[PDB]
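We place every Cβ from the backbone using ideal geometry, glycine too, and count neighbours over all the protein chains shown. Every read-out reported here was derived from the displayed coordinates using simple, explicitly stated rules and does not represent laboratory data.
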Amino acid sequence: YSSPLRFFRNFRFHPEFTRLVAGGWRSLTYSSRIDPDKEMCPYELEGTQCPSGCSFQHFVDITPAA
Amino acid sequence: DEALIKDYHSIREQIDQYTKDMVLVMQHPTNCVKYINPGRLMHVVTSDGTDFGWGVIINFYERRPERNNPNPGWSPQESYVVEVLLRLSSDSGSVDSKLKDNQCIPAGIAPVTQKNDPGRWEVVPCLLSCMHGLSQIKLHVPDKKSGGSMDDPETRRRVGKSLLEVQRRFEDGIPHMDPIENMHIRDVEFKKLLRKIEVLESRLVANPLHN
Ligand SMILES: [Zn+2]
């Protein structure tokens, strides 16, 4: 069984959250630091180097705060 | 143990109906048009349950009724078409850009099912009623501050391959826009819908037939 609410933010408070989500509170899936209007860096996703001053969103920007 | 199977399925059927209601609200153009953005990922699942997985939104447009049929009776969720870059099975036929009056997705295509199959990335017209999730993640797509375009098969391959890589880096799943905290759906009845689903699920998992 898969809850339709499993990917929404209140699932973080479910008592089974840490037993069901491998990364727990560190999970990127439940991170509150993703800017929804900035594209993720395609150089990073491609294995190429960012240009100097790259202003895309990077994986280090979205790693959770708690 | 036979009246108890009845309670189990009654709970599952209440949950199924409330889920359909919740999905309709999230698919409603008043709530989602602002978030149908080129590069954002969309989970496409069709009317019959066929799961196309995650794709990349390329374009969005108001569906126009035919000549023939000025009032076709489309719901609001059926009144808009999202062009999504999806991964089709290698044996999927050519993609008909033009959806007819009664179609949610073109005919003759399907997701990759056979494990060997690498698939083929194509832009597929999908109704908003096929949107079963939106991601906070956006990928870079060719606008013309660049060049390139998804008419180019190699651009489609590259973007699709970066979609596979973003999925690999999200171990626990592509992050979903939360309908309250990211889409700002503030409706009082919508909060009630989510709470009722939660209460029923608590009852479902406490039932011994749940495993
Ligand atoms: Zn970069």
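Just tell me the longest site-free run in chain B, where the sites are trypsin sites (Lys or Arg not before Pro) in a DSSP loop having at most 13 other beta-carbon atoms within 10 Å.
The longest uninterrupted stretch comes out as B:1-66.
Would region B:83-124 count as rounded, prolate or oblate if I go by the C-alpha gyration tensor, calling it rounded below 1.5 in a/c and otherwise prolate when a/b exceeds b/c, oblate otherwise?
Prolate, because a/c is 1.5 or more and a/b exceeds b/c.
What residues qualify as long-range amide H neighbours of B:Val56, i.e. H under 5 Å apart, gap of 5 or more or another chain, H built at 1.01 Å from N?
Counting only residues 5 or more places away or on other chains, the set is B:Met42, B:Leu85.
Net charge within 11 Å of B:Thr19 by Cβ-Cβ distance, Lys/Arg positive one each and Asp/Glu negative one each, not counting B:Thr19 itself?
-1
What is the distance in Å between the Cα centroid of region B:1-57 and that of region B:96-122?
Rounded to whole Å, the Cα centres lie 20 Å apart.
Rounded to the nearest 5, what % of DSSP beta bridges with both residues in the protein assembly as shown are antiparallel? Each step should come with its number before you reach the end.
Working: 24 of 25 bridges.
Here the antiparallel bridges make up roughly 95 percent for the protein assembly as shown.
Given B:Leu99, B:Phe190, B:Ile180, which one lies farthest toward the positive end of the charge dipole of region B:71-211, if we put +1 on the Cβ of every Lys and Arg and -1 on the Cβ of every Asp and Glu?
Towards the positive end, the residue furthest out is B:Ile180.
Name the residues whose placed amide hydrogens come within less than 5 Å of the amide hydrogen of B:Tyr80, ignoring near sequence neighbours (fewer than 5 apart) on the same chain.
Hits under the 5 Å cutoff: B:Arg63, B:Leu128.
Just give me a number: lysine pairs in the protein assembly as shown, eight or more positions apart or cross-chain, with C-alpha atoms less than 20 Å apart.
Close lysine pairs found across the protein assembly as shown: 12.
Looking at chain B, which longest stretch skips every one of the GluC sites (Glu not before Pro) that is in a DSSP loop with at most 16 other Cβ atoms within 10 Å, leaving the sites themselves out?
It runs B:67-170.
Indicate the gyration tensor shape class of the protein assembly as shown (rounded, prolate or oblate), computed on the Cα atoms with a ≥ b ≥ c the square roots of the eigenvalues: a/c under 1.5 is rounded; otherwise a/b larger than b/c is prolate and the rest oblate.
Oblate.
Please list the non-local residues whose amide H lies under 5 Å from the amide H of A:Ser32, H modeled 1.01 Å from N, same-chain partners needing a gap of 5 or more.
A:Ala65
For region B:53-60, in order, what is each residue's ³J(HN,Hα) by Karplus, 6.51 cos²θ - 1.76 cosθ + 1.60 with θ = phi - 60°, in whole Hz (x at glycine and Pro)?
With coefficients 6.51, -1.76 and 1.60, one gets x, 7, x, 10, 5, 9, 7, 8 Hz.
Explain nothing, just compute: Karplus ³J(HN,Hα) = 6.51 cos²θ - 1.76 cosθ + 1.60, θ = phi - 60°, for every residue of region A:50-64 in order, whole Hz, x for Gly and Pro.
Working through the residues one at a time gives 5, x, 3, x, 4, 9, 5, 6, 10, 4, 5, 6, 9, 5, x Hz.
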